[PDB]
file query-v2.txt (compact mmCIF, C-alpha atoms)
# COMPACT_ATOMS: atom_id res chain seq x y z
CA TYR S 1 -7.43 10.72 -0.30
CA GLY S 2 -6.26 11.48 -3.85
CA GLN S 3 -8.88 14.25 -3.78
CA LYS S 4 -6.45 16.64 -2.10
CA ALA S 5 -7.99 17.25 1.36
CA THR S 6 -9.34 14.31 3.44
CA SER S 7 -6.62 14.74 6.09
CA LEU S 8 -4.34 11.70 6.54
CA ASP S 9 -5.60 11.46 10.15
CA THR S 10 -8.88 10.05 8.74
CA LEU S 11 -7.27 7.77 6.15
CA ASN S 12 -5.18 6.23 8.92
CA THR S 13 -8.33 5.47 10.89
CA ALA S 14 -9.46 3.48 7.88
CA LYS S 15 -6.06 1.69 7.27
CA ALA S 16 -5.34 0.50 10.81
CA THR S 17 -9.05 0.11 11.55
CA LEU S 18 -9.34 -2.14 8.50
CA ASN S 19 -6.51 -4.33 9.66
CA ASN S 20 -8.01 -4.41 13.12
CA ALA S 21 -11.36 -5.53 11.63
CA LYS S 22 -9.71 -8.17 9.40
CA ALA S 23 -7.50 -9.48 12.18
CA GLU S 24 -10.31 -9.47 14.74
CA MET S 25 -12.03 -11.77 12.32
CA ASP S 26 -8.97 -14.06 12.05
CA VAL S 27 -9.00 -14.46 15.84
CA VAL S 28 -12.60 -15.73 15.49
CA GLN S 29 -11.44 -18.19 12.88
CA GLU S 30 -8.82 -19.71 15.12
CA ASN S 31 -11.55 -19.79 17.74
CA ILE S 32 -13.91 -21.59 15.33
CA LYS S 33 -11.10 -24.08 14.88
CA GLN S 34 -10.33 -24.59 18.58
CA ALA S 35 -14.05 -25.16 19.13
CA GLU S 36 -14.43 -27.67 16.26
CA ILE S 37 -11.28 -29.40 17.54
CA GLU S 38 -12.18 -29.55 21.22
CA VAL S 39 -15.68 -30.73 20.14
CA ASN S 40 -14.39 -33.65 18.11
CA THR S 41 -12.10 -34.54 21.02
CA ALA S 42 -15.23 -34.09 23.14
CA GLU S 43 -16.88 -36.85 21.18
CA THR S 44 -13.66 -38.88 21.12
CA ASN S 45 -13.79 -38.99 24.84
CA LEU S 46 -17.09 -40.58 23.96
CA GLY S 47 -15.47 -43.51 22.20
CA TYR S 48 -16.37 -45.43 25.32
CA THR S 49 -19.92 -46.49 24.55
CA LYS S 50 -19.50 -50.25 23.94
CA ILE S 51 -15.92 -50.72 25.10
CA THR S 52 -15.51 -52.56 21.74
CA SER S 53 -14.00 -56.09 21.83
CA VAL M 1 -9.95 83.55 -27.59
CA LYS M 2 -9.39 80.55 -29.88
CA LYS M 3 -12.07 77.85 -29.41
CA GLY M 4 -11.61 76.03 -26.12
CA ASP M 5 -9.23 78.34 -24.31
CA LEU M 6 -8.01 79.42 -20.91
CA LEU M 7 -10.47 81.92 -19.42
CA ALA M 8 -11.56 81.46 -15.79
CA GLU M 9 -11.22 79.58 -12.45
CA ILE M 10 -13.29 79.20 -9.22
CA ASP M 11 -12.94 77.10 -6.08
CA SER M 12 -12.43 73.76 -7.70
CA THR M 13 -11.53 72.56 -4.18
CA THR M 14 -14.85 71.18 -2.96
CA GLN M 15 -15.23 69.46 -6.35
CA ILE M 16 -11.75 67.85 -6.43
CA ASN M 17 -12.04 66.81 -2.82
CA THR M 18 -15.14 64.99 -3.75
CA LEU M 19 -13.44 63.57 -6.84
CA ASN M 20 -10.73 62.19 -4.55
CA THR M 21 -13.47 60.87 -2.32
CA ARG M 22 -15.15 58.98 -5.11
CA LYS M 23 -11.80 57.54 -6.29
CA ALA M 24 -11.05 56.29 -2.78
CA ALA M 25 -14.43 54.51 -2.78
CA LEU M 26 -13.56 52.54 -5.91
CA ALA M 27 -10.02 52.12 -4.67
CA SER M 28 -11.52 50.00 -1.83
CA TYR M 29 -14.19 48.29 -3.94
CA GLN M 30 -11.42 46.70 -5.98
CA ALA M 31 -9.84 45.63 -2.72
CA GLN M 32 -13.16 43.92 -1.90
CA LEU M 33 -12.88 42.17 -5.21
CA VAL M 34 -9.58 40.69 -3.96
CA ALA M 35 -11.22 38.79 -1.07
CA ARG M 36 -14.80 38.31 -2.41
CA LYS M 37 -13.03 36.46 -5.25
CA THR M 38 -10.49 34.29 -3.39
CA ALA M 39 -13.34 33.24 -1.05
CA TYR M 40 -14.97 31.92 -4.23
CA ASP M 41 -11.72 30.23 -5.26
CA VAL M 42 -11.59 28.36 -1.90
CA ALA M 43 -15.24 27.47 -2.49
CA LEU M 44 -14.92 26.53 -6.15
CA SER M 45 -12.09 24.04 -5.57
CA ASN M 46 -13.81 22.80 -2.44
CA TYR M 47 -17.07 22.12 -4.34
CA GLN M 48 -15.85 21.04 -7.78
CA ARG M 49 -14.09 18.21 -5.89
CA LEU M 50 -16.57 17.33 -3.10
CA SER M 51 -19.23 16.99 -5.86
CA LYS M 52 -17.09 14.69 -8.02
CA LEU M 53 -16.71 12.57 -4.83

call {"tool": "encode", "arguments": {"input": "query-v2.txt", "output": "structure tokens"}}
result
Amino acid sequence: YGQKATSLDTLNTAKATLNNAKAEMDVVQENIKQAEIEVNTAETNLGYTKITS
Amino acid sequence: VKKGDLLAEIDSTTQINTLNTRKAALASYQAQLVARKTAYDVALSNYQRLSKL
């Protein structure tokens, strides 16, 4: 964009459509979490396999 | 009649009219130079950059 032309309208694509990419990846982190979590709790509702004394 | 002196005259008309003609031609050809040069300016500063990038 320092090369005079490349209209801001196509830099702005890149800016906001970088942050959207980045953030749409964060969402899939928090989802990775929630799935790891709810899976450990889904084996911790499987504590009950001897009913330990 | 001292060398190179005032002697005669004819109808110089046809000949000056065509002189004026041929100086109009030119007078437009320079006015082509105007544009057929700035077109190259717009396409020198377009290219010298686009190639660097």

call {"tool": "atom_distance", "arguments": {"input": "query-v2.txt", "atom1": "atom CA of residue 33 of chain M", "atom2": "atom CA of residue 50 of chain M"}}
result
25.2 Å

call {"tool": "interface_residues", "arguments": {"input": "query-v2.txt", "of": "chain M", "to": "chain S", "cutoff": "10 Å", "atoms": "only C-alpha atoms", "output": "PyMOL selection string"}}
result
chain M and resi 45-46+49-50+52-53

call {"tool": "atom_distance", "arguments": {"input": "query-v2.txt", "atom1": "atom CA of residue 17 of chain S", "atom2": "atom CA of residue 1 of chain S"}}
result
16.0 Å

call {"tool": "atom_distance", "arguments": {"input": "query-v2.txt", "atom1": "atom CA of residue 47 of chain S", "atom2": "atom CA of residue 29 of chain S"}}
result
27.3 Å

call {"tool": "axis_aligned_box", "arguments": {"input": "query-v2.txt", "around": "segment 8-27 of chain M", "padding_each_side": "3 Å", "output": "JSON"}}
result
{"center_x": -12.6, "center_y": 66.8, "center_z": -9.1, "size_x": 11.2, "size_y": 35.3, "size_z": 19.5}

call {"tool": "decode", "arguments": {"input": "query-v2.txt", "residues": "segment 9-32 of chain M", "atoms": "N, CA and C atoms", "output": "mmCIF file, in the first residue's frame"}}
result
data_model
loop_
_atom_site.group_PDB
_atom_site.id
_atom_site.type_symbol
_atom_site.label_atom_id
_atom_site.label_comp_id
_atom_site.auth_asym_id
_atom_site.auth_seq_id
_atom_site.Cartn_x
_atom_site.Cartn_y
_atom_site.Cartn_z
ATOM 1 N N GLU M 9 8.547 40.867 -57.718
ATOM 2 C CA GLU M 9 7.565 40.132 -56.884
ATOM 3 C C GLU M 9 6.390 39.576 -57.720
ATOM 4 N N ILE M 10 5.848 38.435 -57.269
ATOM 5 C CA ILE M 10 4.953 37.557 -58.038
ATOM 6 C C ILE M 10 3.702 37.300 -57.190
ATOM 7 N N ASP M 11 2.917 36.261 -57.446
ATOM 8 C CA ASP M 11 1.978 35.872 -56.391
ATOM 9 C C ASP M 11 2.590 34.845 -55.411
ATOM 10 N N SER M 12 3.066 35.427 -54.322
ATOM 11 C CA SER M 12 3.676 34.695 -53.261
ATOM 12 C C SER M 12 2.559 34.025 -52.503
ATOM 13 N N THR M 13 1.302 34.355 -52.828
ATOM 14 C CA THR M 13 0.140 33.877 -52.047
ATOM 15 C C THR M 13 0.134 32.385 -51.900
ATOM 16 N N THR M 14 -0.099 31.663 -52.996
ATOM 17 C CA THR M 14 -0.159 30.203 -52.965
ATOM 18 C C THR M 14 0.963 29.605 -52.098
ATOM 19 N N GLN M 15 2.158 30.161 -52.250
ATOM 20 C CA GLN M 15 3.337 29.685 -51.530
ATOM 21 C C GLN M 15 3.336 30.015 -50.023
ATOM 22 N N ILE M 16 2.826 31.179 -49.620
ATOM 23 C CA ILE M 16 2.719 31.473 -48.192
ATOM 24 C C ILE M 16 1.570 30.722 -47.585
ATOM 25 N N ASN M 17 0.504 30.521 -48.345
ATOM 26 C CA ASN M 17 -0.628 29.800 -47.807
ATOM 27 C C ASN M 17 -0.128 28.430 -47.511
ATOM 28 N N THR M 18 0.632 27.851 -48.423
ATOM 29 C CA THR M 18 1.131 26.543 -48.079
ATOM 30 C C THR M 18 2.201 26.570 -46.994
ATOM 31 N N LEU M 19 3.000 27.617 -46.899
ATOM 32 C CA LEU M 19 3.836 27.749 -45.695
ATOM 33 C C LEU M 19 3.018 27.723 -44.384
ATOM 34 N N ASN M 20 1.934 28.480 -44.342
ATOM 35 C CA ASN M 20 1.078 28.517 -43.178
ATOM 36 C C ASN M 20 0.465 27.158 -42.889
ATOM 37 N N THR M 21 0.036 26.491 -43.948
ATOM 38 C CA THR M 21 -0.345 25.101 -43.886
ATOM 39 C C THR M 21 0.717 24.363 -43.095
ATOM 40 N N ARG M 22 1.895 24.221 -43.683
ATOM 41 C CA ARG M 22 2.892 23.336 -43.112
ATOM 42 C C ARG M 22 3.332 23.726 -41.695
ATOM 43 N N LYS M 23 3.097 24.979 -41.294
ATOM 44 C CA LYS M 23 3.361 25.376 -39.906
ATOM 45 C C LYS M 23 2.192 25.083 -38.968
ATOM 46 N N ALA M 24 0.980 24.984 -39.514
ATOM 47 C CA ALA M 24 -0.122 24.412 -38.733
ATOM 48 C C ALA M 24 0.133 22.922 -38.465
ATOM 49 N N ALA M 25 0.535 22.170 -39.485
ATOM 50 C CA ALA M 25 0.803 20.746 -39.272
ATOM 51 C C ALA M 25 1.646 20.525 -38.011
ATOM 52 N N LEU M 26 2.943 20.747 -38.104
ATOM 53 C CA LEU M 26 3.772 20.989 -36.924
ATOM 54 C C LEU M 26 3.015 21.477 -35.666
ATOM 55 N N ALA M 27 2.365 22.622 -35.786
ATOM 56 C CA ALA M 27 1.778 23.214 -34.613
ATOM 57 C C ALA M 27 0.814 22.272 -33.892
ATOM 58 N N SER M 28 0.335 21.247 -34.606
ATOM 59 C CA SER M 28 -0.464 20.146 -34.004
ATOM 60 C C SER M 28 0.387 18.964 -33.559
ATOM 61 N N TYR M 29 1.443 18.678 -34.315
ATOM 62 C CA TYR M 29 2.331 17.555 -34.010
ATOM 63 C C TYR M 29 3.006 17.756 -32.656
ATOM 64 N N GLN M 30 3.229 19.003 -32.272
ATOM 65 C CA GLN M 30 3.780 19.260 -30.947
ATOM 66 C C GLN M 30 2.725 19.027 -29.863
ATOM 67 N N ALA M 31 1.486 19.296 -30.260
ATOM 68 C CA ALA M 31 0.326 19.099 -29.419
ATOM 69 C C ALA M 31 -0.077 17.618 -29.329
ATOM 70 N N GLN M 32 0.560 16.781 -30.141
ATOM 71 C CA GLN M 32 0.432 15.332 -30.037
ATOM 72 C C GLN M 32 1.463 14.972 -29.043
#
